[PDB]
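First, one chain by itself in structure tokens, the form deposited in one PDB entry.
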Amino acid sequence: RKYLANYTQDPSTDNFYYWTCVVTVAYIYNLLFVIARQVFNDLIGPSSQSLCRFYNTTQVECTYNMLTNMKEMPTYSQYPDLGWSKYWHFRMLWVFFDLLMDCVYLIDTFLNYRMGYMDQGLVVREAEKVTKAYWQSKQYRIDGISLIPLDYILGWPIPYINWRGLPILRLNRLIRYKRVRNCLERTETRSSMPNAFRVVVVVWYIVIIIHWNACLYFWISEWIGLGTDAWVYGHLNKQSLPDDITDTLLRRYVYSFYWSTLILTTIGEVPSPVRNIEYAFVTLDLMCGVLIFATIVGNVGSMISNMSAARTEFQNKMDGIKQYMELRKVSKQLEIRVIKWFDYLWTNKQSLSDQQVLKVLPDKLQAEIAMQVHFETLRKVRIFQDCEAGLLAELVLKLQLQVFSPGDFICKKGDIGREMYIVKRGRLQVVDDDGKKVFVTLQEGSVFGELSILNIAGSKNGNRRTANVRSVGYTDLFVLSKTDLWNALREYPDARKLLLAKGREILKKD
């Protein structure tokens, strides 16, 4: 057991993220149930009995039929010992759970004690060094000590004598929120489908908000006499107690939740304020809503917005194009051909310009990603395989995928060669004179367009396309600009030797 005294925690383990998730469950526990325990003291308990009165006029106890359709509100008369004698299982449950959550807080604090802080990229896991880092950071001990007084035990509804119980004291536990943030932040970055999680979270915000606010309605409604006017919960406003509904805990939470729902989303179909104090409230609360919920739902909207912003960008680009063609009265054949290009461009979803990977990432990560992705396709290329050098490691960074429509000339005889293409998919044939030539077909992995780039003129043609290469269907090519090939080629003269060695043999035929 002595090993668990000098034990140090690494912040960067998956297990720890599981733990932070646990702290999170404890947190939500408190901020959901504590306040509600404070307001609806009917919950743990009750700590008193109903004393409803029926003529035929003695005060009686509570009968589930006499808590319906009441003339006046039921007087709350307190027990001799309020509590545990009548209700035992319940209170014991709540103590087990609170005790549990608090255990989570404690264990979390022990881990905070041994948190392997990070000195220059490495995790420092040490005996006295870590604890040193703890107490040198005064904030750790300050907030950390603040939420574990366990003052709630003394504020709980126990004792039986002279104390109602202030469960609201548990609110001090709410100051550990930083841990919870560090959880959610790290959960988005894990989730396969982020915007899913990211929307679920926000729905929870709304529900807790609405919750607390409901509790506020009910508390304020307790503070003012409950059943003394048409705005405070109770028989006086017929909205909450229609005649045939029976009074309960469930009802109160239900109606209060409904009330808060409306006021916070400004439908406002709620019985109107009757005391200056209430106007104070309802206005505060209505304004609070027109700002709070404005922003909130203007974020849910933005979230479901940026979700499929790819598609939005796309339809933008395209509509631009089509507009341009309608106004300038281009042919029908050409316009059709274009829109077919876009269609196939988007039904393959290879349309991703990858400028994401380019810009945001470190250069090295671009190399390994593109490596894996195009790995098999390049694996069947003469040029990259032949050179011992990982020159490929250079060129991968700068290859751009271009899609060509079917039956269309990639190349024409007697044209300037600037690019050199490597086929990712589709098959294309070398032809001259609109057929009857040697239809030579290159499949994926093949290399062409290289004769012009390499400045060799055995037949004296020059930077001219020797043949004209045609596509048979929708073909995707890697495009490597002359400048890049050459700027990279000085570094590896062997590749020069091999590529030129092939080039002499291709120009030999001519």
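Rigid core: the largest C-alpha set superposing within 1.5 Å between the two forms. Each residue number is its position in the shown sequence, starting from 1.
Note that the form deposited in another entry isn't included here; everything after this is about it.
(Q) Superpose on the core and compare between this form and the one not shown; which one of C183, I263, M115, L147 crosses the 2 Å Cα shift mark? (A) Between the two forms, the residue that moves is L147.
Q. After fitting the rigid core, is the C-alpha of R427 off by 2 Å or more between this form and the one not shown?
A. No; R427 is a residue whose C-alpha shifts by less than 2 Å between this form and the one not shown when the cores are overlaid.
(Q) Superposed on the rigid core, does the Cα of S351 end up 2 angstroms or more away between this form and the one not shown? (A) Yes, shifts by 2 Å or more.
(Q) At a 2 Å cut-off on C-alpha positions, does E72 qualify as shifted between this form and the one not shown after fitting the rigid core? (A) Shift at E72: below 2 Å after core fit.
Q.
Knowing the shift is 3 Å or more, I'd like to know if the C-alpha atoms of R141 and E126 are closer or farther apart in that other deposited form than in the shown chain.
A. Relative to the shown form, the pair is farther apart.
(Q) Having a change of 3 Å or more in the C-alpha distance between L171 and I145, I'd like to know whether it is closer or farther in that other deposited form than in the form here. (A) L171 and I145 sit closer together in that other deposited form.
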